[PDB]
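**Q** Residue numbers (the entry's author numbering), protein chains in the order written: chain A, 17 to 112, 115 to 230; chain B, 17 to 112, 115 to 230; chain C, 17 to 113, 116 to 230; chain D, 1159 to 1438; chain E, 243 to 435.
I'd like to ask you about the structure that follows.
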Amino acid sequence: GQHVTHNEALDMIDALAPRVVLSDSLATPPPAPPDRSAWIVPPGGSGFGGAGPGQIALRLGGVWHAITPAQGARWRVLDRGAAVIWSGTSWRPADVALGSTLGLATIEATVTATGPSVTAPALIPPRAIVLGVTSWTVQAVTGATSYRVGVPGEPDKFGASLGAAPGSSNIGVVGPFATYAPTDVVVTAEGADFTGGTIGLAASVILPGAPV
Amino acid sequence: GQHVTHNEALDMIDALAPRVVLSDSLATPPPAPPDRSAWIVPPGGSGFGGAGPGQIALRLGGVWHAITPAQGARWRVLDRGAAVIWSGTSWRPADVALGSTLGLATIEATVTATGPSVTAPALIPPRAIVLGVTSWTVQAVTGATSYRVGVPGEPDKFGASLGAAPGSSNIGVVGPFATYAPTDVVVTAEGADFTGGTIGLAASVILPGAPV
Amino acid sequence: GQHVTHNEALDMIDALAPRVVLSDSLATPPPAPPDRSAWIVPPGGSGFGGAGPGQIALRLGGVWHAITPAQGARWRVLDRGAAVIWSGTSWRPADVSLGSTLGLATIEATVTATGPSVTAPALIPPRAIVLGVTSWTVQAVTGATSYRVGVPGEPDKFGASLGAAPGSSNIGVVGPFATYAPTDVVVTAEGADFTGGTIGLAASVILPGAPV
Amino acid sequence: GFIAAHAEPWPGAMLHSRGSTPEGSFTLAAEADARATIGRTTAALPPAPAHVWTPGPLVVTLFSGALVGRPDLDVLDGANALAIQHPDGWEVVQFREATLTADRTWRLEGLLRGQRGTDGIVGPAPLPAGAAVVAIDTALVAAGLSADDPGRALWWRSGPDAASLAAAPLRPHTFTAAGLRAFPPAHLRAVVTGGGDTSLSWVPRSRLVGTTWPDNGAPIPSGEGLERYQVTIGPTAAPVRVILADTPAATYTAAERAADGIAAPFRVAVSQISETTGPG
Amino acid sequence: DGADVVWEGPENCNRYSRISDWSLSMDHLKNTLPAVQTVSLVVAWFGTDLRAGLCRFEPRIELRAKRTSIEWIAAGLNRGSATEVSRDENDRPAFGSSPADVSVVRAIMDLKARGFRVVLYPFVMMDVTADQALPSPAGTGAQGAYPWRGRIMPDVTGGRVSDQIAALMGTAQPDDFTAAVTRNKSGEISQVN
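In structure tokens form, the structure reads like this:
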């Protein structure tokens, strides 16, 4: 209650918890930042910034809190768009984007393996790089010697010969080439009958499609 | 407070926050792990960190408190360099490392478009991987049907047929290939007048293999 | 205190701290959202914890109060495995990372640079994506201009010129080419003598389909 | 000693007369207005975490009356509290609300435990499938007992005024409310130290005052007289080292561990033995 | 049935006073009638069909539940054991059960010393239900909603009329029924099993 105010706690949580900072890389913090807004003071930061350079100054109704950044806490810069984590020692800009935040579409395509071939429904999102098209075998595939994952019309695009064995997470890795243009996935039996099996898929497709 | 110290809360704050954990996979935790840093006990760890091996021993005041990881608990493993998210069942590593940090410099710019051919000034930094080229249209481009955004002399590198229209987002990947080499992205037009229009142009700028 | 129980405070702290939360995008949330856990409410979300579409429905003590999302706090989406940081207006999507983790197991080797060139001991396993390979200069190379850390048979393929200077972390990145296929990196001095210096190399190993 | 009476469709005063003698020389000790609201548990529940609402679905068929679903704030100042029949102290839960599932059945939800050691009875024993849950009410009668009476199984006539002896059930019964003092386990902050010096700090937790948290400079007081908090050794059910300490701090020694067997991270359960009474 | 048992519903009592109507009725009768030789304890014994031999004279309870501290075992049939014969209308006859063995002894005891000369009247009323045909002693020999006492005849066979009569009677012995008389704390009969 009076001894520990709710506000003290609320501010503490907001400031300490990872926040996307709005730092503009200026020597001085903006005169009127938003309430509960984190601004990391850049090195060689003049003017205000009660927090030392390399420390986050968080506006709280005009009170800039000199909070030493928490270890392992992301402090993405709004202006930069860069994810600058604090390691407890130094600022590190982690993997990132420039108005094109990359989202890896986790697409799970489950297709019963039937007849000779089936087409997986995991269409690539338009303009999305594919890191890897992993294929799992949900259920043992009768007849088929191996999976033949690929884009329709080609069973050899990635993981040309995979595993039809039960519970096998064989990876059809696109690898160096990534198909940004939207495309479906086709699965075929390897010189055999697909029926009697179930196919699981782990399409990982990173799209730089979101403004930041 | 007195019953629950601010320090108890502060220790909790470090634990609650995602942390750069160190998975050194030592059966016995090191005598002096960094304070306010979690050294994750490997599963099967002996001696110290005995409670819940596979939990994270966080050193606060010389006492290693093994935090029980929850669903989607993300702890960046320093030794691996991967950010490993404990799904809840077990550790699950995120897609990526070597101390490599992907530096980002914001280059979003509004390119006023005058004439069919306009030159974007967003030259890539040397040795900076371009995940994708970000395209937006800020103002109505008059008489415009297509955006030949791409390297000068080769507008085809990024889509050259992207529709040119007011407020049109043509955000996209420049193929599987990433352009480390510095390059402009001239906004040419396919017989499209660009006058009276503005283009929001950015290229994801990633500097991989850059030390913390 | 009497006014706020330690537990009341604890629940508030857990909720405010960024929590990975599952967005199944249903009109109605799962029947038992766990305590200190929430189901993301999509816009148009209704029912229990339907207060505010675009909020998060969290059940504590049988009341599914919907927490107001805090900007800068990452309410990552467990259900789609999509990182989602609240933008304050929308569930902005951050970089996303399967049911098949793309695990990182960097291989660290410290070959002493010797003779003119030493193939790096660090080895890329089959199906391991290489974001990049580090070339830390542990000791001053004698007569060696650069660390040509390259895919075997092609030092120039990536990181062709990284200055071989003492105390320099020459991380080199294979950005356009993700070499899932196994490669033993070859490090060569640039038309120079490697002897007298030490190279610290971590080779990024990313394995799709890794178990959790 | 509380004696709420579930009259079976009975209109009138209920006379509760207590006679120590088995034969039944009862002397009037209490009177009950009418059938009290009572409930019968139909479910078994593991102990809820202390001081946090837990939405266990506790289905209770109300013997008499109906339960009320209410805002948590009212329960915070004390409203929805029902005392289930329990080993030792009857366990009373300040659940935020109860949800009707059937005409008599109400599902208590957001159960709150650990208030005045409400959780203390539950931790040793999880609630049984069937128990008598009684709402706090005017009908509940606790007065008329001499100090000597607790600890003695005085036969209690417990029935309507007209009914007597066999007709108003006469049951030998004893009450231990004073014994229930210091029900919350003393806050335990055992600190293992080199030489196996585990200091089992035992901040006093007082049942009668309640589990007060210092608020605006109002720290938890006593009111349970003196309590010797006890440490239960983790390796053995009977503590190898039996220490009941009035002092909260109880630093351990290497010699005890050497002489017998004491684990370094040994689990300690606070048995709330009281100087004033017995374990509480 | 219902919930936990509620000790209400005094049997043989419809009085506001709640004391049993039995004995209270005797008080009124005694006052009105000087002679006091009206004892006719006609049992509500249960019988089934109107054809002799086929009919069996076995009593049944008023209601299947209606649990009471007192229990009744006429002809070896317990309150739990038998079926209801006193259902409250709605197409089910409210015949009424045979009185408890304890009640019979108690009745004799109350009648004694009240100036009432006690004479026991064995009465069996057959109340088989409807849904068959027309109740008949012989000829059709069918059964009906109400069978009058003494209207039973054996029509299966002339040779077997004796056998049918024997079947209807049974072959009782005093030893065949064992009386587990129980006395309460007062010592008056509590349960005559």
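Here a beta-carbon is modelled for each residue, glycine too, at the ideal position from N, C-alpha and C.
Are any of the Cβ atoms in chain D nearer than 9 Å to that of C/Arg35?
**A** Residue numbering aside, residue 35 of chain C sits at position 19 when the third sequence is read from its first letter. It does not: the Cβ of C/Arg35 has no partner Cβ on chain D nearer than 9 Å.
**Q** Answer yes or no: does any C-beta atom of chain D fall closer than 9 Å to that of B/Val20?
**A** For the purposes of this step, residue 20 of chain B is taken as residue 4 along the second sequence, with counting starting at 1. Yes - at least one Cβ of chain D is within 9 Å of the one on B/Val20.
**Q** With DSSP as the reference, identify every bridge partner of A/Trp55, one or two as the case may be.
**A** Here residue 55 of chain A refers to the residue found at position 39 of the first sequence. Beta-bridge pairing links A/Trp55 to A/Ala73.
**Q** Going by the beta-carbon positions, is the gap between B/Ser39 and B/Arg90 smaller than 9 Å?
**A** Start at 1 with the first residue of the second sequence, and residue 39 of chain B comes out as number 23. Start at 1 with the first residue of the second sequence, and residue 90 of chain B comes out as number 74. Cβ atoms of B/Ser39 and B/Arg90: not closer than 9 Å.
**Q** Quick test of your reading: A/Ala221 and A/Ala140, contact by CB under 8 Å. State the CB separation rounded to the nearest angstrom.
**A** Against the first sequence, residue 221 of chain A aligns to sequence position 203. Against the first sequence, residue 140 of chain A aligns to sequence position 122. Their Cβ separation, rounded to whole angstroms, is 4 Å, which keeps A/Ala221 and A/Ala140 in contact under 8 Å.
**Q** My understanding is that D/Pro1343 touches D/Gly1278, with C-beta atoms under 8 Å, so please give their C-beta distance in whole angstroms.
**A** For the purposes of this step, residue 1343 of chain D is taken as residue 185 along the fourth sequence, with counting starting at 1. For the purposes of this step, residue 1278 of chain D is taken as residue 120 along the fourth sequence, with counting starting at 1. Between D/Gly1278 and D/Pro1343 the Cβ distance is about 6 Å, and since that is below 8 Å, they are a contact.
**Q** Can you tell me whether DSSP reads D/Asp1355 as helix, strand or coil?
**A** To locate residue 1355 of chain D, count along the fourth sequence from 1; it is residue 197. Coil.
**Q** Report the residue from B/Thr201, B/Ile224, B/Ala48 and B/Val129 whose alpha carbon sits nearest the alpha carbon of B/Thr213.
**A** Numbered from 1 along the second sequence, position 195 holds the residue referred to as residue 213 of chain B. Checked all of B/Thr201, B/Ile224, B/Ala48 and B/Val129; the closest Cα to B/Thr213 is B/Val129.
**Q** Using the three-state DSSP reduction, which class does A/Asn188 fall into: helix, strand or coil?
**A** Taking the first sequence and counting its residues from 1, one reaches residue 188 of chain A at position 170. Strand, per DSSP.
**Q** Note the first and the last residue of the continuous alpha helix (DSSP H) segment covering B/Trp107.
**A** Within the second sequence, the letter at position 91 stands for residue 107 of chain B. Looking at the DSSP string, B/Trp107 is not in any alpha helix (DSSP H); the run it does join, the beta strand (DSSP E), is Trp107 to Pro109.
**Q** Can you find the residues in the same chain that come closer than 8 Å, C-beta to C-beta, to E/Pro379, ignoring five residues on each side of it along the sequence?
**A** Here residue 379 of chain E refers to the residue found at position 137 when the fifth sequence is read from its first residue. The residues are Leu292, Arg293, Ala294, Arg393, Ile394, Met395 and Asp397.
**Q** Please list, in chain order, the residues of the region 1191-1219 of chain D that have any C-beta partner in chain C closer than 7 Å.
**A** So the list reads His1209, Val1210, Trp1211, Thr1212 and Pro1213, given in the order they occur along the chain.
**Q** Spatial neighbours of D/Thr1276 within its chain, please: C-beta separation below 7 Å, excluding the five flanking residues on both sides.
**A** Here residue 1276 of chain D corresponds to residue number 118 of the fourth sequence, with the count starting at 1. The answer, listed in chain order, is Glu1249, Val1250 and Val1251.
**Q** Against chain D, which members of the region 324-356 of chain E pass a CB distance test of less than 7 Å?
**A** So nothing in the stretch comes that close.
**Q** Only counting the same chain, and skipping five residues up and downstream in sequence, which positions put a Cβ closer than 8 Å to that of D/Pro1379?
**A** Looking up residue 1379 of chain D in the fourth sequence gives position 221. Cβ within range, chain order: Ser1364, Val1367 and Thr1370.
**Q** Cβ atoms of A/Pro50 and A/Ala73: under 9 Å apart, would you say?
**A** By 1-based counting over the first sequence, the position of residue 73 of chain A is 57. By 1-based counting over the first sequence, the position of residue 50 of chain A is 34. No, the pair does not count as a contact, with Cβ atoms beyond the cut-off.
**Q** How should C/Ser53 be labelled, buried or exposed, when 16 other C-beta atoms within 10 angstroms of its C-beta is the threshold for buried?
**A** Position 37 of the third sequence holds residue 53 of chain C. Flag for C/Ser53 reads buried.
**Q** Ends of the alpha helix (DSSP H) at E/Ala408?
**A** For this step, residue 408 of chain E is matched to residue 166 along the fifth sequence. First-last of the alpha helix (DSSP H) with E/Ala408: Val403 to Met411.
**Q** Rounded to whole angstroms, how far is the Cβ of C/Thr216 from the Cβ of C/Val156, which I believe are closer than 8 Å?
**A** On the third sequence, residue 216 of chain C is found 198 positions in, with the first residue counted as 1. On the third sequence, residue 156 of chain C is found 138 positions in, with the first residue counted as 1. With 8 Å as the limit, C/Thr216 and C/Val156 qualify as a contact, their Cβ atoms being about 4 Å apart.
**Q** I need the straight-line Cα distance from A/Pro58 to B/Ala33, nearest angstrom please.
**A** Within the first sequence, residue 58 of chain A is the residue found at index 42, counting from 1. Within the second sequence, residue 33 of chain B is the residue found at index 17, counting from 1. Distance between the alpha carbons of A/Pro58 and B/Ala33 is about 23 Å.
**Q** Our contact map puts C/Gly168 next to C/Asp211 with C-beta atoms below 8 Å; I'd like the distance itself, whole angstroms only.
**A** Position 150 of the third sequence, counted from the first residue, corresponds to residue 168 of chain C. Position 193 of the third sequence, counted from the first residue, corresponds to residue 211 of chain C. At roughly 18 Å, the Cβ-Cβ gap does not stay under 8 Å, so C/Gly168 and C/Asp211 are not in contact.
**Q** Would C/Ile189 pass as a contact of C/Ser135 if the rule is Cβ separation under 9 Å?
**A** Sequence index remark: in the third sequence, residue 189 of chain C carries index 171 (1-based). Sequence index remark: in the third sequence, residue 135 of chain C carries index 117 (1-based). Going by C-beta atoms, C/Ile189 is not nearer than 9 Å to C/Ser135.
**Q** If you follow the alpha helix (DSSP H) that D/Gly1278 is part of, which residue opens it and which one closes it?
**A** Taking the fourth sequence and counting its residues from 1, the one referred to as residue 1278 of chain D is at position 120. Where D/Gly1278 is concerned, the enclosing alpha helix (DSSP H) stretches over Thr1276 to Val1280.
**Q** Taking beta-carbon pairs under 9 Å, can you tell me which members of the region 58-82 of chain B lie near chain D?
**A** For the region 58-82 of chain B, which is checked against every Cβ of chain D, the residues closer than 9 Å are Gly66, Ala67 and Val79.
**Q** At the level of alpha carbons, what is the spacing between B/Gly133 and B/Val159?
**A** Position 115 of the second sequence holds residue 133 of chain B. Position 141 of the second sequence holds residue 159 of chain B. Rounded to the nearest angstrom, the two C-alpha atoms are 10 Å apart.
**Q** For D/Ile1242, is the classification buried or exposed, using 16 other Cβ atoms within 10 angstroms of its Cβ as the cut-off for buried?
**A** As a first step, residue 1242 of chain D is located in the fourth sequence; it is residue number 84 there, counting from the start. By the neighbour-count rule (16 or more Cβ atoms within 10 Å), D/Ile1242 is buried.
**Q** Helix, strand or coil for C/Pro173? Go by DSSP, reduced to three states.
**A** To locate residue 173 of chain C, count along the third sequence from 1; it is residue 155. Looking at C/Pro173 - three-state DSSP - the assignment turns out to be helix.
**Q** Which partner residues of E/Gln433 appear in the DSSP bridge assignment?
**A** By 1-based counting over the fifth sequence, the position of residue 433 of chain E is 191. DSSP, once it has assigned bridges, lists E/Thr424 as partnering E/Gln433.
**Q** From which residue to which residue does the beta strand (DSSP E) around D/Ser1432 run?
**A** Taking the first residue of the fourth sequence as 1, we reach residue 1432 of chain D at position 274. Note, D/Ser1432: beta strand (DSSP E), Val1428 to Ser1432.
**Q** With 16 as the cutoff for other CB atoms within 10 Å, does D/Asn1238 come out buried or exposed?
**A** Along the fourth sequence, one-based indexing puts residue 1238 of chain D at 80. Per the 10 Å Cβ criterion, buried.
**Q** Cα separation between D/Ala1324 and E/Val248?
**A** As a working note, residue 1324 of chain D is residue 166 in the fourth sequence. As a working note, residue 248 of chain E is residue 6 in the fifth sequence. Cα to Cα, the separation comes out at about 16 Å.
**Q** Could you check how far apart the C-beta atoms of C/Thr197 and A/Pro194 are, in whole angstroms? I think they sit under 8 Å.
**A** Reading the third sequence from its first residue, position 179 is the one you call residue 197 of chain C. Reading the first sequence from its first residue, position 176 is the one you call residue 194 of chain A. That belief holds up - the Cβ atoms of C/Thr197 and A/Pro194 are roughly 7 Å apart, short of 8 Å.
**Q** Could you spell out the range, first to last residue, of the beta strand (DSSP E) harbouring A/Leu120?
**A** Against the first sequence, residue 120 of chain A aligns to sequence position 102. First-last of the beta strand (DSSP E) with A/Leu120: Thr119 to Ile125.
**Q** Which residues does DSSP list as the beta-bridge partners of C/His22?
**A** Against the third sequence, residue 22 of chain C aligns to sequence position 6. DSSP lists no partner for C/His22.
**Q** What's the gap between the Cα of B/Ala115 and the Cα of D/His1345?
**A** What you label residue 115 of chain B is simply residue 97 of the second sequence in a count that begins at 1. What you label residue 1345 of chain D is simply residue 187 of the fourth sequence in a count that begins at 1. Distance between the alpha carbons of B/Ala115 and D/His1345: 44 Å.
**Q** Count Cβ pairs between the region 1176-1192 of chain D and the region 1300-1319 of chain D that sit closer than 8 Å; are there 3 or more?
**A** Verdict: yes, contact present.
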